[PDB]
Amino acid sequence: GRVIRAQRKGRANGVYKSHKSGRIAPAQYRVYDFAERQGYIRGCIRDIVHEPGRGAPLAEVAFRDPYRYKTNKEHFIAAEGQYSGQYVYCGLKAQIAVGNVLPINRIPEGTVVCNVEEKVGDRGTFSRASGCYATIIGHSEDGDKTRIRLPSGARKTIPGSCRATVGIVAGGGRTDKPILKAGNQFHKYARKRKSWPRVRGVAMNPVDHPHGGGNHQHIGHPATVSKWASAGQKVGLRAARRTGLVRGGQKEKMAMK
RNA sequence: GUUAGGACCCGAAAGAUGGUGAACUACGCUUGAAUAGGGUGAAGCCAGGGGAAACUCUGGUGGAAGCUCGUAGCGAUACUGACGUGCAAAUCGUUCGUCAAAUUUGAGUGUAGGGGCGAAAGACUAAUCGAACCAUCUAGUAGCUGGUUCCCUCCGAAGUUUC
RNA sequence: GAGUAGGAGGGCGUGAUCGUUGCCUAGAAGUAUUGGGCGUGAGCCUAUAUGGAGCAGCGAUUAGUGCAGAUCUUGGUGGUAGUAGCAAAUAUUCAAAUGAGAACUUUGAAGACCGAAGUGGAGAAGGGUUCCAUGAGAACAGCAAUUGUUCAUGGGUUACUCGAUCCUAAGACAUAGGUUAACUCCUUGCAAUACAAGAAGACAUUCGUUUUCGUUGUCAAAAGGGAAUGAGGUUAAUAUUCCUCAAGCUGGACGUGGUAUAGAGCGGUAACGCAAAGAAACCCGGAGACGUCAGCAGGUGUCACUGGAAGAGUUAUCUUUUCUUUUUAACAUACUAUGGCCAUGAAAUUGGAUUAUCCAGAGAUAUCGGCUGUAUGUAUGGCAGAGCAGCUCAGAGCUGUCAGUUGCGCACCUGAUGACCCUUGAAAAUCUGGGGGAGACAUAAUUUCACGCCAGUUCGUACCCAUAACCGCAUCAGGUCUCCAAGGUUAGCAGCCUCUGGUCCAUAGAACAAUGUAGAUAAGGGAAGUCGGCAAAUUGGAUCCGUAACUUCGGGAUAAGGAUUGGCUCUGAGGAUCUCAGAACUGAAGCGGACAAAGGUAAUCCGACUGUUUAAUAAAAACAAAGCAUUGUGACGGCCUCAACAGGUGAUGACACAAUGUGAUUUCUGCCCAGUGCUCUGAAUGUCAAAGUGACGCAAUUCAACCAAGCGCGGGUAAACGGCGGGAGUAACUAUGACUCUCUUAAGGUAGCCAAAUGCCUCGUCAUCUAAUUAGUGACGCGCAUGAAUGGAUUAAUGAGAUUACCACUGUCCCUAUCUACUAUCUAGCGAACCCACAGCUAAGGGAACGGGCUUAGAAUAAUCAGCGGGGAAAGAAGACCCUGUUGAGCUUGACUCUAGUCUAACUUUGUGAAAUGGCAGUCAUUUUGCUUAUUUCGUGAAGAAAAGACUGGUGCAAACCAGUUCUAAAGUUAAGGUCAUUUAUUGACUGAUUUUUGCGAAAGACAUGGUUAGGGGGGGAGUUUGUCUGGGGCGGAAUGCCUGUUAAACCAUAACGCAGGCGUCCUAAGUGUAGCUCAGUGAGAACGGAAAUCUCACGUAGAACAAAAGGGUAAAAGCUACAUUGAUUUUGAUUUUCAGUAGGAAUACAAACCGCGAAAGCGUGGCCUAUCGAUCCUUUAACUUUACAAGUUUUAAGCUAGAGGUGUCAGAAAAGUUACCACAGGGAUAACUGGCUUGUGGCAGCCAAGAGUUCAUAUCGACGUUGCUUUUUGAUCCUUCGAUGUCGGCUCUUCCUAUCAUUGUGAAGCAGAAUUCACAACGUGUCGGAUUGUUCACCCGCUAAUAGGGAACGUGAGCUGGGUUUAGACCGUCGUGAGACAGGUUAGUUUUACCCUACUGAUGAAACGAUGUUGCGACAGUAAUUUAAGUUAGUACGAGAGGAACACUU
Ligand SMILES: [Mg+2]
Ligand SMILES: [Mg+2]
Ligand SMILES: [Mg+2]
Ligand SMILES: [Mg+2]
Ligand SMILES: [Mg+2]
Ligand SMILES: [Mg+2]
Ligand SMILES: [Mg+2]
Ligand SMILES: [Mg+2]
Ligand SMILES: [Mg+2]
Ligand SMILES: [Mg+2]
Ligand SMILES: [Mg+2]
Ligand SMILES: [Mg+2]
Ligand SMILES: [Mg+2]
Ligand SMILES: [Mg+2]
Ligand SMILES: [Mg+2]
Ligand SMILES: [Mg+2]
Ligand SMILES: [Mg+2]
Ligand SMILES: [Mg+2]
Ligand SMILES: [Mg+2]
Ligand SMILES: [Mg+2]
Ligand SMILES: [Mg+2]
Ligand SMILES: [Mg+2]
Ligand SMILES: [Mg+2]
Ligand SMILES: [Mg+2]
Ligand SMILES: [Mg+2]
Ligand SMILES: [Mg+2]
Ligand SMILES: [Mg+2]
Ligand SMILES: [Mg+2]
Ligand SMILES: [Mg+2]
Ligand SMILES: [Mg+2]
Ligand SMILES: [Mg+2]
Ligand SMILES: [Mg+2]
Ligand SMILES: [Mg+2]
Ligand SMILES: [Mg+2]
Ligand SMILES: [Mg+2]
Ligand SMILES: [Mg+2]
Ligand SMILES: [Mg+2]
Ligand SMILES: [Mg+2]
Ligand SMILES: [Mg+2]
Ligand SMILES: [Mg+2]
Ligand SMILES: [Mg+2]
Ligand SMILES: [Mg+2]
Ligand SMILES: [Mg+2]
Ligand SMILES: [Mg+2]
Ligand SMILES: [Mg+2]
Ligand SMILES: [Mg+2]
Ligand SMILES: [Mg+2]
Ligand SMILES: [Mg+2]
Ligand SMILES: [Mg+2]
Ligand SMILES: [Mg+2]
Ligand SMILES: [Mg+2]
Ligand SMILES: [Mg+2]
Ligand SMILES: [Mg+2]
Ligand SMILES: [Mg+2]
Ligand SMILES: [Mg+2]
Ligand SMILES: [Mg+2]
Ligand SMILES: [Mg+2]
Ligand SMILES: [Mg+2]
Ligand SMILES: [Mg+2]
Ligand SMILES: [Mg+2]
Ligand SMILES: [Mg+2]
Ligand SMILES: [Mg+2]
Ligand SMILES: [Mg+2]
Ligand SMILES: [Mg+2]
Ligand SMILES: [Mg+2]
Ligand SMILES: [Mg+2]
Ligand SMILES: [Mg+2]
Ligand SMILES: [Mg+2]
Ligand SMILES: [Mg+2]
Ligand SMILES: [Mg+2]
Ligand SMILES: [Mg+2]
Ligand SMILES: [Mg+2]
Ligand SMILES: [Mg+2]
Ligand SMILES: [Mg+2]
Ligand SMILES: [Mg+2]
Ligand SMILES: [Mg+2]
Ligand SMILES: [Mg+2]
Ligand SMILES: [Mg+2]
Ligand SMILES: [Mg+2]
Ligand SMILES: [Mg+2]
Ligand SMILES: [Mg+2]
Ligand SMILES: [Mg+2]
Ligand SMILES: [Mg+2]
Ligand SMILES: [Mg+2]
Ligand SMILES: [Mg+2]
Ligand SMILES: [Mg+2]
Ligand SMILES: [Mg+2]
Ligand SMILES: [Mg+2]
Ligand SMILES: [Mg+2]
Ligand SMILES: [Mg+2]
Ligand SMILES: [Mg+2]
Ligand SMILES: [Mg+2]
Ligand SMILES: [Mg+2]
Ligand SMILES: [Mg+2]
Ligand SMILES: [Mg+2]
Ligand SMILES: [Mg+2]
Ligand SMILES: [Mg+2]
Ligand SMILES: [Mg+2]
Ligand SMILES: [Mg+2]
Ligand SMILES: [Mg+2]
Ligand SMILES: [Mg+2]
Ligand SMILES: [Mg+2]
């Protein structure tokens, strides 16, 4: 009657607790200054650094505070091509250039974007991953709706007034180089909550996991588990609509269209 | 003499309640320490021959890798060696795996019992683990094993019936 | 006159209580008795001795009242036994001294060890006084002790600069807020799930006053950050602390000098410079502040060498010799230092530059150029006065401590670089700098200059840090984190040897047997040893040669293989202002001379690789992994956590996170969606709850209708679980095999691939390898049971992974020998433990079927010592196997019951406008559309919300729009300016910077969310169950409830998983009655007519029929036919069978009825008789002046009697698996081994004689039959062993059997010789070497006189071995949904104890008829030699020939 690893990941005292010591700051947008809603504020890239858990570089941006003498530092998401010492413009009137931040409604159809906002003033939500971009599909005439195409490829309607970064998230392509050694995988996952290495549920004894069968090593019970499966029940491919790999009758994706 | 109770006395593998442990050991984390001398020879760089250049061949230079021989360290293959009322409740001799990483290691700090923690052996969790340890309910129940303490005299069995 | 289990009657002995009678310092109780007595016996009385204060009898009362046991409790003691033993870590020895005593103490003299990876010098953790001195009886320091880590007594731990204290980290905890019955719990640095929380200044100097800026805590580092100290000297024990001398730091407070200014240093073109050169808010910096690795450069320390001086060692010989000292702290001043800058000038015939990179018109190179940064550098101060080394004097004194050189040497540090990351390598306190210039100030004000004055608190500072101060019950061969490191050899921090420093501590002496532990070496052969090359052996460095297949082109690779290596004397080449190569000579042809240091090759299987794993039996083929693939999720979300409020991932956002699977590359990925699952924006009414609705009722209720999810229906889905046959036919000897048809609700083994680590048969078949191969490899494949990410086929590198050859190699073997050390031995000293009913010689016998004890025989002499492994069915542990238990636990599910998260519906939280519609007399039901204030979500240093307006500019008709901040890693703050007063000052007031507004901002909005109910779902989780009998259990079967005939033996009764069978129904007639008839069958006879249809007669004891099995019963019937009728009915009770003489099932006889049939008697309470069946509680029904308990009427609800609904395990529980991860109580009531009975089966013998032997039964055999024997087969049984008799085989060794293989002497023959066969006396002696296999067996290759068969607990595990078998890891196949399982393969997997008694082998040995020698006798015990060959016989006898002997003699 043991507790699977599946379950042990929701414990906050637990072993799976993110390794946060390296985190520089949250990467978000500027605060929603009056300046940004009605005008433009400009800042500098003091630097673009590497946060230890992030694929995408972070940009360190100096802004002058509208209301005081203080100089405000903030950390944005690197838009590919942004240079250290660049001028970055955020707001209503800010024009279209790589790394500037406008409302989506002001961004032309077909344009590529970063760090979009789900609700206005998110300081960012969508397409933050290294190399990711969101695609601008359409605007309503009113100006209040915008159709975005997310990396996953699902289309989404967002209030047009939302903040977006012109361009693509930096450091793209990393996902493409094969990792040859296991050690690499190790160091990588060292800076995030530990997912590694992964022991197959069949290796284990019936006590450690629904799968581990026994004398043979098989699942022996259907591995498509229903969405309502209880905590320790939910193990295989959950709520899966299809299972196999589609080879051969691929013309079906087309003919079905 | 029936029966209830500690119920002639001693005896479980178990249950439940409420506590205590991560000084061993398992996995994080912060912050320190540590690993002779060799072999090999990648990019990158120089020159010589050929070429108009691209590039080619020969010779250097350079110093890569979860590469290699091999100490210390970390480990544990074999003799099925020694010892087996030990030096020792896991040691000793030879031998052996690995030896700049998924390496070794100190402290501090996160995880506690149907819970942790696990490169998964039902492994580890203070000589305790296919459910720790401490006390209590608890003299737990025992159709089962063992014991059941002075004398003489007299009567004297059953192992079949039924449920 | 017996007696276990058991019961009764009397009695003995012990406390204490109420009585009664007494005894005791003139000696109570208790205790010892080879004193004297009493009881059959419990027990008693006395005597003597001891003892030194209480006792005793009798009658009752009461009881913690009697012990040999319980592996019983606690305590005390034996034998073993002066035994096992005190043997790791190389070592000690001599003299003196001290002491009662010295192998073990102290000095000296010798010999060795650790050998700067220490047995050295110091720390952290841990210890806590173990430190120092003096003293010392016992104990302890496993011998000893004069000695101590021990005992006693005293004494030791000084700090501004070391550390703690401060800072921040991983973290953590308050406060606030919220949750809990409560305890508890949730949040908080990016600080909050919080928030009216703060700090500073000045005057005041309290308050107060006043001003300024402001959201809010703390703890966690004796290795991280971190203000400043050094050298010398001193104590018995402390010292970067005390003393002496010399320094630095921070905080104070003034003094004296000096900088700067009427606003605030001076020099240089410039980098920049110089003791000093005004300041607040405010904002920004620098240092602190950082990874790993590789090479280069420099410095420190060390090491080496050179001249000088002092000392010491050597001096027969040689040595201008060999060793030693020859030092310089922090700190002060000045200079130099791997880089970077500034000029001037610009570079192409491009240059510069590093070992490496790399730089330049984005200005390189270069200038008698210049500036700047870092010392663990130089000089001087310190400083020689100290320290060190010498030499004098009797505490004082003198001399010298000097001047050079080099290093790929070594350790550390620094400097400039380079390489690396799907890694990118803290923070804060602290010190300091910049931008800004609001304030302050004339007798003034302010200022990082000198020199002087004052202070630095609290705690830790001893000592060990380990083969004796820690943890391992210890002075334990284990374990436990760091720093410093010398010479020689050398690649080397290796090994070996040394110097500094340390140490000889491990009880000792002597002998030198067996056996052992460790170390070596073996002629000839070379794995023949063995499950196996286990173990050992070989190989090994460096230089030169030479180097295959295979391959992922990296590799393979020291592949394989072949040579060389010393010494000495010369020669040449590489460099600054230590490497490399040649030649010659010389030796026992040796020379990596010690040390160090791979054995190869060819195949097969796994896993791709580095990595991981079962602390203490598994290191692997298991896990991991990179790659492949699949699922889920766009945040109103996924996965998980959570008692609650709530939370984590998330400082996140698809190149992301959460679930699985497969397992590098290469190649391939067949066909099945019927099932189980999962899924869907499909259809729809089949099914379905609470609430709400409708109808009946003064009502409770009941009845109806509607109704979410889920179910069912339909679609999708196999890199989801999983599946990939059975039958028939066709071609037709079958099989396998081809096609076809067919059946199950899918499909019907596609590519591939094997007797595979997955084929039973199996030692498959053929090749190959060998002399011989159940082994290896390659092939074939009627694949028991191969097959595609439940992955299939491949595969280089690779491995303490499985297997087979071969080469080298060898003590594995033939075959065993010898040598060393430590033991065993003996001695001084010291000194346990296991175990122990009582004990210990056997033979048989019987016996609980292997006695030590008993019967009968053999027989039997003290006490000892070293050995041993036969016996004590020896020790170990209340069997881990097996069964039993109404005993468990781990795990599983399609077991029973339930259960958290979850899905769905209702009511509620719940507001308000409007519209549309229906009903009601403004309200209500329904639909639609709003609003926002409840509610929810997310933000924000709750600034620019919503609505209006304005300056400038531009576009511009108003309107509206655009701009007043887009080349440029800068600056933008205590403000200007206008208007109006005071006051003449950044004074006062407005404006500069519009207005209004009882929403900080945004997103949802009565939705969601929360609360309670209702229906789904739920091995994630809880609880529990998972019959019995049984020739062990299981699988099977029911001898589980019933009936008949047999076993059963003439009343009844009687066992077995004993025989042969039958029951859980069937029947409105097959019950009941009346009447009539006589059936089965046989002979003879009648159109179609036939063996058989109907019709006749005669005869028919019953041979037919009677639902069902059997047995019995029946002839004007019980049978056949016809008709009538419900007695298959109403009351009770009794009787018989089984029997507890309970129930239940059956049936019988009565008494009351009400009937049917018959004229009537009569017969009917079911079937001719013997089987056909079912309690308590509950429900339902029938019949009844039973009750609802103040009184009533209802409705409803309870009752009494009796049926039906049922328990088949049938006297009647609601109940699935797995465990090899396992557990407990027991069981020899019961399996697995030996032994016992049996002997079918196995084996071995006979009797008869049909036959075979050409002729002839019995030379040699023996059919059909038949009598036996044996216990090396197997079976059967269950007697002994379940608080354990160690369960296969081989090795080793001994003995016995004879059913004789050989050898000896013979008989017989279908015996010529030779060979062979049968038989007798007979084991006396012998019965071998290898292939394959764990093997017993089997089969082959061989030699041989022969290669006999057996026994001894299937001889022989405190004798080995451990291959097989049978725990725990893991692979395949088959089975199961699963956990798991195989009576199927694979692979890894512990083998303990002897010192006792006996036994045997050896060895001493007391004592009688006096002692003691020498020489003998010999009882008895044991015995030992067995074969073969050659010559000769002899080419002989015999024989047609082929062929072919023997005795004697000799070796
Ligand atoms: Mg916590
Ligand atoms: Mg990839
Ligand atoms: Mg499970
Ligand atoms: Mg298994
Ligand atoms: Mg598998
Ligand atoms: Mg599998
Ligand atoms: Mg009584
Ligand atoms: Mg009683
Ligand atoms: Mg208990
Ligand atoms: Mg508890
Ligand atoms: Mg710890
Ligand atoms: Mg070691
Ligand atoms: Mg050995
Ligand atoms: Mg070892
Ligand atoms: Mg019983
Ligand atoms: Mg008493
Ligand atoms: Mg007296
Ligand atoms: Mg008396
Ligand atoms: Mg006396
Ligand atoms: Mg009495
Ligand atoms: Mg007693
Ligand atoms: Mg006793
Ligand atoms: Mg004793
Ligand atoms: Mg010993
Ligand atoms: Mg020592
Ligand atoms: Mg030491
Ligand atoms: Mg010391
Ligand atoms: Mg913190
Ligand atoms: Mg916290
Ligand atoms: Mg300091
Ligand atoms: Mg001082
Ligand atoms: Mg001062
Ligand atoms: Mg660096
Ligand atoms: Mg000299
Ligand atoms: Mg310079
Ligand atoms: Mg002097
Ligand atoms: Mg150097
Ligand atoms: Mg070091
Ligand atoms: Mg960096
Ligand atoms: Mg300034
Ligand atoms: Mg020790
Ligand atoms: Mg000795
Ligand atoms: Mg030899
Ligand atoms: Mg040979
Ligand atoms: Mg030889
Ligand atoms: Mg070996
Ligand atoms: Mg090569
Ligand atoms: Mg070679
Ligand atoms: Mg090879
Ligand atoms: Mg030579
Ligand atoms: Mg030469
Ligand atoms: Mg020579
Ligand atoms: Mg040699
Ligand atoms: Mg080999
Ligand atoms: Mg491997
Ligand atoms: Mg691990
Ligand atoms: Mg381990
Ligand atoms: Mg996906
Ligand atoms: Mg899969
Ligand atoms: Mg497939
Ligand atoms: Mg309803
Ligand atoms: Mg077909
Ligand atoms: Mg084979
Ligand atoms: Mg062989
Ligand atoms: Mg073969
Ligand atoms: Mg290998
Ligand atoms: Mg002697
Ligand atoms: Mg002795
Ligand atoms: Mg007998
Ligand atoms: Mg006997
Ligand atoms: Mg006798
Ligand atoms: Mg014995
Ligand atoms: Mg014994
Ligand atoms: Mg169970
Ligand atoms: Mg429910
Ligand atoms: Mg369960
Ligand atoms: Mg029967
Ligand atoms: Mg009977
Ligand atoms: Mg039957
Ligand atoms: Mg009649
Ligand atoms: Mg009966
Ligand atoms: Mg009658
Ligand atoms: Mg009934
Ligand atoms: Mg027979
Ligand atoms: Mg016969
Ligand atoms: Mg038996
Ligand atoms: Mg035993
Ligand atoms: Mg025995
Ligand atoms: Mg005979
Ligand atoms: Mg015969
Ligand atoms: Mg052999
Ligand atoms: Mg045996
Ligand atoms: Mg096993
Ligand atoms: Mg299966
Ligand atoms: Mg098996
Ligand atoms: Mg003993
Ligand atoms: Mg003897
Ligand atoms: Mg005489
Ligand atoms: Mg004599
Ligand atoms: Mg004599
Ligand atoms: Mg004799
Ligand atoms: Mg002869």
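Residues numbered from 1 in each chain as written, not as in the entry; some residues may be left out. Chains lettered and ligands numbered in written order. Part of a larger assembly, values for the part shown. Heavy atoms only, no water.

For this deposition, the record names X-ray crystallography as the technique by which the model was determined and cites 3.520 Å as its resolution.

Taking the PDB entry as the reference, chain A is identified by name as RPL8 belonging to Tetrahymena thermophila. Looking at the Subcellular location heading of the UniProt record, one finds this comment for chain A: "Cytoplasm". Quoted verbatim from the Sequence similarities field of UniProt, the annotation for chain A is "Belongs to the universal ribosomal protein uL2 family." (UniProt positions renumbered as here; feature names shortened; annotations may be inferred.)

A.B. asks: Is there a simple way to think about the pairing of strand β2 (residues 58-64) in this case?
C.D. replies: Burial analysis of β2 places 6 of its 7 residues in the buried class, which makes it a mostly covered element. Sheet topology note: the strand β1 (residues 40-49)/β2 ladder contains 6 bridges and is antiparallel. Looking across to β2, one finds that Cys 44 is bridged to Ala 62. Alignment of β2 against strand β3 (residues 71-77), held across 7 bridges, turns out to be antiparallel. Looking at the pairing, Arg 64 lines up with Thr 71 of β3. Counting the residues in the hairpin turn of β2 and β3 gives 6 residues. (Buried < 20%, exposed > 50% of the residue type's maximum accessible area, 1.4 Å probe, protein only. Helix = DSSP H or I, 4+ residues; strand = E, 2+ residues; numbered from the N terminus. Pairing = 2+ DSSP bridges.)

A.B. asks: Whenever I open this one, the protein's contact with RNA strand C confuses me. Can you help?
C.D. replies: The immediate surroundings of RNA strand C are formed by 119 residues, with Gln 7, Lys 156, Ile 179, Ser 230 and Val 235 found nearest. At a separation of 3.2 Å, a base nitrogen of RNA strand C approaches a polar backbone atom of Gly 85. A distance of 2.6 Å is found between a sugar or linking oxygen of RNA strand C and a backbone nitrogen or oxygen belonging to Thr 243. Of all the elements in the fold, those that place two or more residues in the surface near RNA strand C are α1 (5-8), α2 (34-38), β1, β3, β4 (87-91), α3 (182-190), β11 (224-225) and β12 (237-238). Grouping the constituent residues of the surface near RNA strand C by class yields 45 nonpolar, 39 polar and 35 charged. (Near = heavy atom within 4 Å. Polar contact = N/O pair within 3.5 Å; in protein donor to acceptor, adjacent residues only side chain to side chain. Nonpolar A, V, L, I, M, F, W, Y, C, P; charged D, E, K, R; others polar.)

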